[PDB]
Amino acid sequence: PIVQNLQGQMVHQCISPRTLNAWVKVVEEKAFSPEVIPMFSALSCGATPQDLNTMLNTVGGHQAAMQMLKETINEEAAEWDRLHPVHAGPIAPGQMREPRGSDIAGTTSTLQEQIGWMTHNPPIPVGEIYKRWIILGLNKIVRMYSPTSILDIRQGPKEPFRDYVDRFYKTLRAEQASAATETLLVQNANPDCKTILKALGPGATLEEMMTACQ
């Protein structure tokens, strides 16, 4: 990653073994549960495109997801190239070239070039641009890996309301990855709780609803 040293300057630092392992293990433990995306984003704080590729290349399995991710990255990179076409020809000696999409993804750029862009004045934040594309792709994967539509999360006749609400927002977390939808919560409650929730009224907070269905 690129971070600040004790002195105040922006310098490259190796990715730490702790970071590497934490990322591999969260995917081993949780696959593409929604909380894997904020974990990715935090563990890639300050990352270069090289570091982002390292993180993704160390995922064990899930290679269909990783190919979908590559396809998303290539779509965003094409849009980048359409918005920011690069000068064709040899670049001036010693000077910074403009990054294309495959440079942002770390495929056609060197680490030194990535550092140059990310620390230039003004900077071209190629790590953050690439991370945005990766997170867009990972949100698609989350939604796809979600096993159940929110329309089908419905409270069982013996199911505690809190357990139902947990299932509902766990599912909505994934489904929304990539408003009124939350009104399904009352619609999909069981008859005893729905009767209580309807008499409660429509301005009730979730806390009020959960207390009333205790």
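Residues carry their position along the shown sequence, with the first being 1.
Q: Report, as yes or no, whether residue 83 is left without coordinates in at least one third of the other compared entries.
A: No, residue 83 is modelled in every one of the other compared entries that cover both of its flanks.
Q: Quick one: across the other PDB entries of this protein we compared, is residue 99 left without coordinates in at least a third of them?
A: No, residue 99 is modelled in every other compared entry.
Q: Can you count the deposited residues that have no coordinates between residue 178 and residue 179 and report it as none, 1 to 3, 4 to 9, or 10 or more?
A: 4 to 9 residues lack coordinates between residue 178 and residue 179.
Q: Can you tell me which stretch has the higher mean Cα B-factor, 184-192 or 161-169?
A: It is 184-192.
Q: For the higher mean C-alpha B factor in the entry, choose 143-151 or 26-34.
A: Stretch with the greater average CA B-factor: 143-151.
Q: Going by the CA temperature factor in the entry, name the top one among 127, 137, 101, 123.
A: Going by the entry's C-alpha B-factors, 123 comes out highest.
Q: Where does the C-alpha B-factor of residue 105 rank in its chain, lowest, middle or highest third?
A: For residue 105, whose C-alpha B-factor we compare with every modelled residue in the chain, the answer is the lowest third.
Q: Can you work out whether the C-alpha temperature factor of residue 71 puts it in the lowest, middle or highest third of the chain?
A: Its C-alpha B-factor, which the entry lists for residue 71, ranks in the lowest third among residues of this chain.
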